[PDB]
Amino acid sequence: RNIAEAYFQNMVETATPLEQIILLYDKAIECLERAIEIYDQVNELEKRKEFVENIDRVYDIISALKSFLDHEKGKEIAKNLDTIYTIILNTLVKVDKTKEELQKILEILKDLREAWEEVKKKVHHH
């Protein structure tokens, strides 16, 4: 049920904040993809450094995404989003994280992002 309630109030038609959410998702997914792409080469001190930087960026954007959440008025929907963000965050901070768990998180970011683009679709047509 309407994931938009996680951040926003019911009868809003102003789309600028919704577009910022999608932007944040966009940026997190692309940095996560990079880090996955170069996970295997982190012996390579250059790739390692780029890996650590991309993971920092995913962690900062999802941290933002989580704390922007409307807990007070966002119902079970904000709470549930918070649960998933929390898991993601706990995964990024793991020192022995695997390429597998990052790949999965990436699918998840992608499904969420799809939920959002389609909220956006719904509000313009209204």
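Numbering starts at 1 and follows the sequence shown.
Worksheet item: Looking only at CA atoms, which has the higher mean B factor in the entry: 49-57 or 85-93?
Response: The deposited B-factors put 49-57 ahead on the C-alpha mean.
Could you check which stretch, 97-105 or 40-48, carries the larger mean CA temperature factor in the entry? In the deposited entry, the stretch with the higher C-alpha B-factor mean is 40-48.
Pull the Cα B-factor of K79 out of the PDB entry and bin it into the chain's lowest, middle or highest third. Answer is lowest: the recorded C-alpha B-factor places it there.
Split into thirds by Cα B-factor across the chain's modelled residues, where does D70 land: lowest, middle or highest?
Answer is lowest: the recorded C-alpha B-factor places it there.
Chain-wide C-alpha B factor ranking for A35, given as lowest, middle or highest third = As the PDB entry reports it, the C-alpha B-factor of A35 lands in the highest third of its chain.
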